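Number of protein chains: 4
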Amino acid sequence: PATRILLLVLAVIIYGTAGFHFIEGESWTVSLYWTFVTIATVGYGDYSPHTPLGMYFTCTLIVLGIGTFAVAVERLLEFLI
Amino acid sequence: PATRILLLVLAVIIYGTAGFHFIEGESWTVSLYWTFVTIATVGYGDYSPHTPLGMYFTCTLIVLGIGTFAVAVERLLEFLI
Amino acid sequence: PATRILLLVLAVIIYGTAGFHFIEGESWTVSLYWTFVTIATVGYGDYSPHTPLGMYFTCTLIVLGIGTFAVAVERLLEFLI
Amino acid sequence: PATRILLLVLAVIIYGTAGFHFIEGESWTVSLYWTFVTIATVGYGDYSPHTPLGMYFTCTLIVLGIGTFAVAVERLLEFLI
Ligand SMILES: [Ba+2]
Ligand SMILES: [Ba+2]
Ligand SMILES: [Ba+2]
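Chains as they are written, first to last, in the entry's author numbering: chain A, 19 to 99; chain B, 19 to 99; chain C, 19 to 99; chain D, 19 to 99.
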């Protein structure tokens, strides 16, 4: 069900944002922006992890986030069109 | 229908381009180039939002753009091959 | 047929590489590397178009390249596994 | 079978990491981080190949990695949801 996928993406977003903020020390706004940019796999590289923990964290975010986000946008696609 | 998807991508492009131009202050050419680069999820990071509004705007563009663009290229694929 | 898709990707690669070389003035090696990095939508941003023509060219490359490349890797996936 | 795909992604990861380390001279941590960031097609451009060999290597990594990684995350998606 699409709504459940949405909930998974929301959980991923919180995880991404909190982690970047507390591991890398960026603001909450930058961290959320980075989370979206990373999980949509856009990844501008204006922000990126600079510590070894941040890098490991980024890899797990990638593993949890990218699949979940892809299915969310295409389920949203189906629903609105 | 493929043509309707195309229209959605065109609307997304206009939205992306106008927004980056007026929120971030880049030229129209740069803004359109950034829109394509962002919604195809290529995202070089030569251009990126630098304000909190631009960042929020970028996230919504990502949500509206990436799904629409993916389906457009693959429907175009089917049509030409 | 997978082989025909491969031929399309090869044509896209030549187009991408020649264009970046002659429009942006990078070496042939850099241009090919940029073409792959762009059409796989990896896009590091170590190389990017700096002229208005290069930017327009990049958008058309994106439109022609990304769909073709995606289907090529997944058809290659099927064939080898 | 999903587990076999996982094994392919693990092999790709080792290949990516060892190659970047020995070709480009980055640490093992940076090389692994770059491998994930590249094969998920996130590609921040904080790290990128700077030699002609590294660039050729990156293209082959892209060809081997991106398809394998995409199918792995979506098979993982199915398994956990
Ligand atoms: Ba990217
Ligand atoms: Ba991408
Ligand atoms: Ba990128």
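Backbone N, C-alpha and C define an ideal beta-carbon position, used for all residues, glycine too.
Task: Cβ-heavy atom distance, residue 13 of chain B to ligand 3, below 7 Å - done: The question about residue 13 of chain B has no answer, for chain B in this structure spans 19 to 99.
Open item on the list: If the cut-off is 8 Å on Cβ atoms, which residues from the stretch 48 to 67 of chain C count as contacting chain D, listed in chain order?
Closed with: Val-48, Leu-50, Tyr-51, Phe-54, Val-55, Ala-58, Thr-59, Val-60, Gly-61, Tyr-62, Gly-63, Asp-64
TODO: Tell me whether A/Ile-99 sits in a helix, a strand or coil according to DSSP, three-state version.
DONE: coil
- [ ] Indicate whether D/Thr-35 and D/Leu-50 have their beta-carbon atoms separated by less than 8 Å.
- [x] yes
TODO: Going by CA-CA distance only, name the one from C/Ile-31, C/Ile-80, C/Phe-40 that's closest to B/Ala-58.
DONE: C/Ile-80
Open item on the list: Taking CB distances under 8 Å as the criterion, tell me whether B/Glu-44 reaches chain C.
Closed with: no
Open item on the list: Given 7 Å as the limit, tell me if B/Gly-34 has its C-beta closer than that to any heavy atom belonging to ligand 3.
Closed with: no
Open item on the list: Would you say D/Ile-41 lies against chain C (beta-carbon separation less than 8 Å)?
Closed with: no
Open item on the list: So that I know if they touch, is there some Cβ in chain A lying closer than 8 Å to that of D/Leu-25?
Closed with: no
Task: Continuous alpha helix (DSSP H) stretch holding D/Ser-49: start and end - done: 46 to 57
Open item on the list: Do C/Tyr-62 and D/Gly-72 count as a contact pair if the criterion is CB distance below 8 Å?
Closed with: no
Open item on the list: Can you tell me whether A/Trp-52 is buried or exposed? The criterion is at least 16 other CB atoms within 10 Å of its CB, across all chains shown.
Closed with: buried
Open item on the list: Going by DSSP, what residue range makes up the alpha helix (DSSP H) through B/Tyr-33?
Closed with: 20 to 42
- [ ] Determine the DSSP secondary structure at C/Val-89, reduced to helix, strand or coil.
- [x] helix
Open item on the list: Quick check: what's the CA-CA separation for C/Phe-87 versus D/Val-48?
Closed with: 27 Å
Open item on the list: Pop quiz: A/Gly-85 and D/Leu-28 are said to be a contact at Cβ under 8 Å. What is the actual Cβ separation, rounded to whole angstroms?
Closed with: That pair is no contact at about 17 Å.
TODO: Find the residues of chain D that neighbour C/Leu-79, judging by a C-beta separation of less than 9 Å, and give them in chain order.
DONE: Near C/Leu-79 there are no residues of chain D at all, since even the closest Cβ is about 16 Å away, more than 9 Å.
Task: C-beta contact flag for A/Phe-54 and A/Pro-67 at 8 Å - done: no
- [ ] Taking 5 Å as the limit, tell me which residues put their C-beta closer than that to any heavy atom of ligand 4, in chain order.
- [x] Ligands displayed in this structure: ligand 1, ligand 2 and ligand 3; ligand 4 is not among them.
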